[PDB]
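J.:
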Amino acid sequence: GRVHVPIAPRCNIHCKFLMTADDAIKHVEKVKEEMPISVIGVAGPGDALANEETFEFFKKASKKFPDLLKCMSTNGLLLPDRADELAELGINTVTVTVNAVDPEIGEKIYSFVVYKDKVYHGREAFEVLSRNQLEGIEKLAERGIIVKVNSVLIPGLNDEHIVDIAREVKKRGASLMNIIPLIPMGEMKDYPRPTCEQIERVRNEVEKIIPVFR
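Per full-length UniProt numbering, the sequence shown runs over residues 28 to 44, 62 to 258.
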């Protein structure tokens, strides 16, 4: 019962691990006529916040679809600058991908970040992303938007660090954490998919700090 529309091509970060807005509206209305829908979301293919089409779409969906839950996923880089607008457009839930809170780990996950038309590399890239996404969680949460945090479990990189993430995002106002196992491909093809003993171990530990999606 959830429709995601692909209207957000541009991404503003490089992590190592199409419709117009009006065409997406017509798609939702056609899908609603054939299937019960309760949620509309924007999640990709890039970052939702890095694309003006995202906000044009939710503006129109506000009028045409007041009853539906509205959600989006983002890396959070633009959340401090867009959090107010998201609230005004009726976004109910935002999923923020947070893969580290310690820069010695985060610098190994992100290669660069593009923010206000400056390219940051390496450790500075993660520090900019991390500050913005964590502040963004609190700006969303204080406006009533449900914040869900996605964290990719990278064995040998952040596996023992996920509970630190959970403590930090809980302090900022997150409601739920979703631990996602790494699927190695291309960049970081040399990392393994986590064992299922490990994924359920970390889920059980995180659950003591914040609710976990299951």
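C-beta: ideal position from N, C-alpha, C; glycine also.
Would a C-beta distance cut-off of 8 angstroms place residue 140 and residue 39 closer than the cut-off?
T.: By one-based count along the sequence shown, residue 140 stands at place 96. By one-based count along the sequence shown, residue 39 stands at place 12. In this structure, residue 39 does not lie closer than 8 angstroms to residue 140 by Cβ.
J.: From the DSSP output, in three-state form, read off residue 35 for me.
T.: Counting from 1 along the sequence shown, the entry for residue 35 is found at position 8. If DSSP states are grouped into helix, strand and coil, residue 35 belongs with the strands.
J.: Reducing DSSP to helix, strand and coil, say where residue 228 ends up.
T.: Your numbering for residue 228 matches position 184 in the sequence shown. Coil, per DSSP.
J.: Find out if the Cβ-Cβ distance for the pair residue 116, residue 86 is shorter than 8 angstroms.
T.: Against the sequence shown, residue 116 aligns to sequence position 72. Against the sequence shown, residue 86 aligns to sequence position 42. Yes, the pair counts as a contact, with Cβ atoms nearer than the cut-off.
J.: Helix, strand or coil: how does DSSP classify residue 194 here?
T.: Numbered from 1 along the sequence shown, position 150 holds the residue referred to as residue 194. Strand at residue 194.
J.: Less than 8 angstroms between the CB atoms is what I'm expecting for residue 223 and residue 191, so what's the real figure, rounded?
T.: Counting from one through the sequence shown, the residue named residue 223 turns up at place 179. Counting from one through the sequence shown, the residue named residue 191 turns up at place 147. Going by Cβ atoms, the distance from residue 223 to residue 191 rounds to 16 angstroms, so no, they are not a contact pair.
J.: Enumerate in chain order the residues of its own chain whose CB-to-CB distance from residue 42 is below 7 angstroms, with the five nearest sequence positions on each side excluded.
T.: Taking the sequence shown and counting its residues from 1, one reaches residue 42 at position 15. Once the five neighbours on either side are set aside, the close Cβ partners of residue 42 are 153, 154.
J.: In this structure, what does DSSP give as the bridge partners for residue 221?
T.: Looking up residue 221 in the sequence shown gives position 177. In the DSSP output, where bridge partners are listed per residue, residue 221 has 193, 256.
J.: Report buried or exposed for residue 221, applying the criterion of at least 16 other Cβ atoms within 10 angstroms of its Cβ.
T.: For the purposes of this step, residue 221 is identified with residue 177 of the sequence shown, where counting begins at 1. Its Cβ being crowded by 16 or more others within 10 Å, residue 221 is buried.
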